[PDB]
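[1] Partial complex follows, first chain(s) only, in situ:
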Amino acid sequence: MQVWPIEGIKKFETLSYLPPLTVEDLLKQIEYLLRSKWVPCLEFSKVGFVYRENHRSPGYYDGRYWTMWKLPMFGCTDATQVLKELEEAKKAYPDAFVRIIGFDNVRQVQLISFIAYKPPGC
Amino acid sequence: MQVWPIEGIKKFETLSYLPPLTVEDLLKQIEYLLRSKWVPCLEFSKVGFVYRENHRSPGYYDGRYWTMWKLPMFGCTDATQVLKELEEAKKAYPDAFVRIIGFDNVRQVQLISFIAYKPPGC
């Protein structure tokens, strides 16, 4: 019988219960996003989690928005390009978490979102 | 005339105003729990006390729940076994407080609860 850990295992939503994603793993999620005809976008933050500082009413949390890296990559057809931008974001903000998202503008919702970089010690 | 201390004497509910429990003291409380036909369970936390972060309405406090170590020891008839699990919990979480509780499932309430381990410096 194993006890689920209580510390050092904070999570980041989808895919965060699997082993760390390799570069090929990240590429395959980006290829899926692109074949599905979704728009990729990178976002980043030095704070990794939600909190409730300004309000505690239903459905209000702070920390859900992270900062947009440049603009969504409209017209992108190459997963490699998305990886290049991820590399530029980590170089610019090595102490920030970086996530990759993908959205469908018809239904207007994000269809995929995962952490692609965590700063050293996080 | 002695002045009751204002610091360094934070408390942990039942038995915390007596001298530190020895291993034999802990064994006797566990034997009492078992002869009374209660179910023992261990719980642990890196935070030792209650606080009020999410709400301040009557009867609401945070920090009352600690984390369950494995599952309650249904069918246990040996105090020694409970001590072995306490040793495993301290080995896994040396920086956590560990408490032993015992419950009666007929009345559905905890009938005994005491701190069995405090981390170094607490």
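    Now that the structure is in, tell me what you want to look at. Numbering: from 1, shown residues only, chains lettered A, B, ... in the order given.
[2] What sits closest to residue A:31 if chain neighbours are left out?
    Once flanking residues are discounted, residue A:31 sits nearest to residue A:79: 4.9 Å by C-beta to C-beta, 6 or more residues apart in numbering or on different chains. Every C-beta, even on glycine, is put in place using the N, C-alpha and C of the backbone.
[3] didn't the one you found look like it was pressed against residue A:30?
    Yes: using C-beta atoms under 8 Å, residue A:79 makes contact with residue A:30 at a distance of 4.1 Å.
[4] Give me the more crowded residue out of those two.
    Each of residue A:79 and residue A:30 has its neighbours counted (other C-beta atoms under 10 Å in any protein chain shown); residue A:30 has more, 24 against 19.
[5] and the residue nearest to the spatial centre of chain A, what does it touch?
    Nearest to the mean C-alpha position of chain A, by C-alpha atoms, centre = their mean, lies residue A:99 at 2.1 Å. Neighbouring residues of residue A:99 by C-beta atoms under 8 Å, 6 or more residues apart in numbering or on different chains: A:12, A:42-44, A:66, A:113-116.
[6] Relative to residue A:75, which of those residues is nearest.
    residue A:42 (15.6 Å; C-beta to C-beta).
[7] from memory that closest one sits against residue A:70, does it?
    Yes: at 7.3 Å, residue A:42 and residue A:70 qualify as touching, with contact defined as C-beta under 8 Å.
[8] Point out the residues in chain A that sit beside chain B.
    Applying C-beta under 8 Å from any C-beta of the partner chain, we find that chain A lies next to chain B at A:1, A:3, A:6-7, A:56.
[9] Secondary structure and neighbour count for the residues you listed - can I get that in JSON lines?
    Listed next are those as JSON lines, based on DSSP: H, G, I helix; E, B strand; the rest coil; neighbours: other C-beta atoms under 10 Å in any protein chain shown:
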{"residue": "A:1", "secondary structure": "coil", "neighbour count": "7"}
{"residue": "A:3", "secondary structure": "coil", "neighbour count": "16"}
{"residue": "A:6", "secondary structure": "coil", "neighbour count": "13"}
{"residue": "A:7", "secondary structure": "coil", "neighbour count": "9"}
{"residue": "A:56", "secondary structure": "coil", "neighbour count": "11"}
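[10] any idea which of those residues is closest to residue A:93?
    residue A:7 (25.5 Å).
[11] and residue A:40, helix, strand or coil?
    strand (DSSP: H, G, I helix; E, B strand; the rest coil).
[12] Wait, it touches residue A:82, no?
    Yes: with contact defined as C-beta under 8 Å, residue A:40 and residue A:82 form a contacting pair (5.1 Å).
[13] Give the residues shared as contacts by these two.
    Both residue A:40 and residue A:82 are contacted by A:30, A:34, A:73, A:76, A:100, under the criterion C-beta under 8 Å, 6+ apart.
[14] include chain C as well:
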Amino acid sequence: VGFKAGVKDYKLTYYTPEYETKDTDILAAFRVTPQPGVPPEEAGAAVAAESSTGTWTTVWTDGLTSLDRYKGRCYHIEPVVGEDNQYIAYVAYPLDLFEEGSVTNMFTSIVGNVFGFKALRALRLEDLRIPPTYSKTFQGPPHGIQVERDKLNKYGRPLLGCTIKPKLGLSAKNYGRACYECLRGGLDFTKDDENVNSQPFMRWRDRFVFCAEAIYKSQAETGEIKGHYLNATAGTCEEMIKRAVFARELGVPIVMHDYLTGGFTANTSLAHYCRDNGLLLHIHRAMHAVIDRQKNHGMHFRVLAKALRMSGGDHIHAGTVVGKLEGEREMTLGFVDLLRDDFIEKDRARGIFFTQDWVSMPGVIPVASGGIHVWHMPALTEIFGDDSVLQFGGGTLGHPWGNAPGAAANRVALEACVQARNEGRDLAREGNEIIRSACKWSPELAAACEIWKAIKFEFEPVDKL
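    If we add chain C to the chains shown above, we get the following:
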């Protein structure tokens, strides 16, 4: 048959010794002392008639309804052992006679007018069998034993409280100072005295502000959840609710009410408010001994105790046995079980006249308070067990070193008794040795033990079974 005007004996209609009680009937056991010349059957019939459907002369309107369905009936009379003119008359009342959810209505019928009848010399209601069909119409305790322990995270030992003293005369700021010092020494609770409401020397809202400050300061210092029962007892229902609303705003865990002096209609309203707002409700039984002290006349406390579990309270005082107020041991154990347990079988050795089934109504925590001190801790722990609150007012604020040391003495004494009991020691026989042994560890307990070693309250109880 025809309506025949005039007077006839109550026993012709209201003494029914062949009646078999129904599981929906409310049953009452009355200790009745008839005037000379009045047969016991007529005394018992008069009590049944005049607490249910009858009056002193025949009325034609009885023919519009069914007395067979509605009359109260005296179905058994038994002489009292040792008395030449006292009887226990048992009366059954149909469920339909009562307003659902109203202790006020139940008492208005059963004890409304019959205690003043000229034909009786004395009358005492000893017990009531409250059927599940009627108790389910009451909310009962806002929380109850289990829930209260779960809210406060307190398990494994009696809770410890303390009434601030002097009873009256302290300012709001001094009340909060006394409260903080007591709670920080180890008590779980302090409380307003029963008569501390709002007065020229201390207005309630000021007391509520400073006591909340005190509760939160002591909780932060000790790391244990603390409370101070803030008294909502007031002259009007609007003032009572106003006080409870401000305790809710302050976020505190517990308020109190004097259910008999405020009254059942107000108490029942407050119990509903407390359930709807998460507030534990401590009940003080002020004035009960006006009614329940004498064996020949009045109402035994066990009836008042059942009535409070119905109207609603999370705690109720139940006596100490060993302190300054009377409380015979066996009858106290009997009503302690009526307050806490789900099913209490008839047991005349503990004054339980009827089997009482609460059908999962929550239990109420009995509170032992009044003239107790550290040397009583073993006896109190043995009598009441863990589900109790033991309160030491003079026994804390009378410690020679002040409140925090006085609280620590009581907390240490209690924990030493719990540890000894759990290890298998006999509290009833080794109590003094267990307390002395803890004195080695606690200079605060040693000082309390020295001041009160010669203090005992030994008087013959007025009410005996």
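[15] one step back: hey, C-alpha coordinates of the strand or helix carrying the residue nearest to the centre of chain A in CSV?
    Assigned by DSSP states H and E, residue A:99 belongs to strand A:97-104. Output of strand A:97-104 as CSV, limited to C-alpha atoms (Å, rounded to 0.1, in the frame of the first residue of the first chain):
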residue,chain,number,x,y,z
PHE,A,97,6.5,28.3,-16.6
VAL,A,98,5.5,28.1,-20.3
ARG,A,99,2.4,26.4,-21.6
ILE,A,100,1.2,25.7,-25.1
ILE,A,101,-2.5,26.0,-26.0
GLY,A,102,-4.5,25.4,-29.1
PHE,A,103,-7.9,26.8,-29.9
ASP,A,104,-10.8,26.3,-32.3
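[16] Past that strand, which element shows up next along the chain?
    Remark: after strand A:97-104, the chain's next helix or strand is strand A:109-117, criterion DSSP H and E.
[17] Could you pull up phi and psi at whichever residue of the stretch 301-450 of chain C sits closest to chain A?
    Closest contact between the stretch 301-450 of chain C and chain A, by C-beta to the nearest C-beta, is at residue C:422 (27.8 Å). Phi and psi for residue C:422, reported as degrees, to the nearest 10, are phi -60, psi -30.
[18] isn't it right up against residue B:112?
    Yes: if you go by C-beta under 8 Å, residue C:422 and residue B:112 touch, sitting 7.5 Å apart.
[19] got any residues that touch both of those two?
    Common neighbours of residue C:422 and residue B:112 (C-beta under 8 Å, 6+ apart) are B:29, B:32.
[20] that older thread, how near is the residue nearest to the centre of chain A to residue A:45?
    8 Å (C-beta to C-beta, to the nearest Å).
[21] overlap in contacts of those two?
    residue A:66.
[22] what distance separates the host helix or strand of residue C:257 from the centre of its chain?
    Residue C:257 is part of strand C:254-258, with elements assigned from DSSP H and E. Centroid separation between strand C:254-258 and its chain, computed with C-alpha atoms, centre = their mean, to the nearest Å, is 13 Å.
[23] for whichever helix or strand comes after it, packing partners?
    Counting by DSSP H and E, the next helix or strand C-terminal to strand C:254-258 is helix C:259-262. Helices and strands touching helix C:259-262, as assessed by 3 or more C-beta pairs under 8 Å, 6 or more residues apart in numbering or on different chains; DSSP states H and E, comprise helix C:301-311.
[24] hmm, who's touching stretch C:241-251?
    Contacts of stretch C:241-251 (C-beta under 8 Å, 6+ apart): B:52, B:56-58, B:60, C:204-205, C:208-209, C:212, C:230-232, C:234, C:255, C:269-270, C:273-274, C:277-279.
[25] next up, chain D:
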Amino acid sequence: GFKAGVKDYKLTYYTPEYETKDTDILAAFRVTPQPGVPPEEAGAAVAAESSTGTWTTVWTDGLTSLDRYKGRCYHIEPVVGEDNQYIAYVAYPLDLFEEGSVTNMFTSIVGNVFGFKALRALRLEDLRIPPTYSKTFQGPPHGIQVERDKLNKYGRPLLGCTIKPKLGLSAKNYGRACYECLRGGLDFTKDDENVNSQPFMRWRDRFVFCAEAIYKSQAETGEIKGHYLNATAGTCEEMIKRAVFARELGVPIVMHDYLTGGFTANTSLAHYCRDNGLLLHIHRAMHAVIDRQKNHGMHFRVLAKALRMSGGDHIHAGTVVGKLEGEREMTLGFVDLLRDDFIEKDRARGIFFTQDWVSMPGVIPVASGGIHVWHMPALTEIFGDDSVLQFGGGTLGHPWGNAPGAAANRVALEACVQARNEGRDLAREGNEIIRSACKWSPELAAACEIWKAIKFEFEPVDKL
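    One more piece, chain D, placed on the ones above:
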């Protein structure tokens, strides 16, 4: 210096040299100590534990002034003819009490002292309520004069009647009985004290049919009528809900069981009735559980003063001659405490303290229970015009029914009033006055025949 430990209560709370202040609340306790407890110590324990003291010395007495706040036993006297019994007089400073709260007053004076192990028995006989405290209470919503003025009734006791059987009648039968009684000459009918809302009859249905009956009888007779609709309930919200519907119906009077409902609810209802023009009849159900025995409890005169403070327009005060106990001299004493402005100390009537009400309205005493037409002269002589005389069985038990039963009582009462006014002595000529009215009232003659042999003669349990 603070000296921890136990000392006798008398060292601080027995103050025989104390001169009472006009602002103090005074209490007269009949105390029976346990053997071995000196009466001074028993009186001091009662004063201490109903005011500021506890069982051991507390250092916090030093933060305040016990001289200013303590209750104090200032006089003790043995009761002649009793063994080991004393009247202990205790004075409580005005500052000890919450303004406007009978609940708070009782919580201190009778809260815990009756259960002390050192006493065998304790009875509170009387309280001197100072004007400085009574002025903080509303008192009766209306009072005697205003009630007579609203109902246009003068010159005789009012007449009422409790509907019977006590429980078990439907709402529609309740209104039927009410209408027949009121149309025969009674001013009022009433819900029995235990008629609240039950499976056999829910309150709102009863209120609708009784209003219909009040207005039908009033239209037929031309006299203002009322039926006391019971607001007594399990919760304060239900009690107010019932009073609010009586207000909507426009009726003149409601009732409340002040002791079983309780003082906190009663005081709220009295304020609502004052603000909404409703007379408030008060039933004293459960009082005899407290007030019957001489050795222990609280005398009814204390419960009567407490009601005049909390508030009520009528309160039952006994009959003396009916089925429930009521010794004559002590009843005349509390009737004066309920109606008068100033009542002088008079131990022959159990009035231990002079009581000054400083214009608080008086409460109409109600004589009810086991009375009938032959009692009319005595009741008129004992109570006088400012009373309500109620005949439940004495109306619905008439052989010809409710309207004739009501007419018999109204005729008996008016014959007594006319005779009294002419100078006849009701105490000596009452039977002749009733027989003379039977010459022209067949209804009264029928009632007289049924009840001529009925008398309630028992020794009272409480004597002065």
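[26] Go back to the contacts of residue A:99, now with chain D?
    By C-beta under 8 Å, 6+ apart, the contact set of residue A:99 is A:12, A:42-44, A:66, A:113-116.
[27] which of the residues you listed sit farthest apart?
    Between all members of these, the farthest pair (by C-beta to C-beta) comes out as A:12 and A:42, at 14.6 Å.
[28] between the two, which one's more packed in?
    residue A:42 (23 against 16).
[29] That one contacts residue A:100, correct?
    Yes: using C-beta under 8 Å, residue A:42 is in contact with residue A:100, at 5.8 Å.
[30] tell me, what's touching those two both at once?
    Residues touching both residue A:42 and residue A:100 (C-beta under 8 Å, 6+ apart): A:82, A:86, A:116.
[31] Go through the residues you listed and say which is closest to residue C:416.
    Nearest to residue C:416 among the shared contacts of residue A:42 and residue A:100, counting by C-beta to C-beta, is residue A:116 at 60.1 Å.
[32] Backbone torsions only: list them for residue C:391.
    Backbone geometry at residue C:391, expressed as degrees, to the nearest 10, gives phi -110, psi 130.
[33] Number of residues surrounding it?
    Neighbour tally, residue C:391, other C-beta under 10 Å: 28.
[34] How about residue C:201?
    18.
[35] would you list every one of the strands in chain A?
    With DSSP state E applied, chain A shows strands at A:39-45, A:67-69, A:97-104, A:109-117, listed in chain order.
[36] er, the stretch 201-350 of chain C actually
    Using DSSP state E, counting those that start in this stretch, the strands of the stretch 201-350 of chain C run over C:227-231, C:254-258, C:280-284, C:298-299, C:315-317, C:343-344.
[37] now the fourth one: how far from the chain's centre is it?
    This points to strand C:298-299. For strand C:298-299 - counting by C-alpha atoms, centre = their mean - the centre lies 14 Å from the chain centre.
[38] Could you pull up the residues touching the residue nearest to residue C:130 when sequence neighbours are not counted?
    Ranked by C-beta to C-beta, 6+ apart and with sequence neighbours excluded, the top spatial neighbour of residue C:130 is residue C:306, at 6.0 Å. By C-beta under 8 Å, 6+ apart, the contact set of residue C:306 is C:128, C:130, C:338, C:356.
[39] Excluding residues flanking it in the chain, which one is nearest the residue of chain C found nearest chain D?
    Nearest residue of chain C to chain D: residue C:263, at 1.1 Å (C-beta to the nearest C-beta). Leaving aside its chain neighbours, residue C:263 sits nearest to residue D:262 (1.1 Å; criterion: C-beta to C-beta, 6+ apart).
[40] Roughly how far does that neighbour sit from residue A:95?
    Per C-beta to C-beta, residue D:262 is found 68 Å from residue A:95.
[41] quick one, helices of the stretch 301-450 of chain C?
    C:301-311, C:329-340, C:377-384, C:394-397, C:403-422, C:427-439, C:443-452 (DSSP state H, counting those that start in this stretch).
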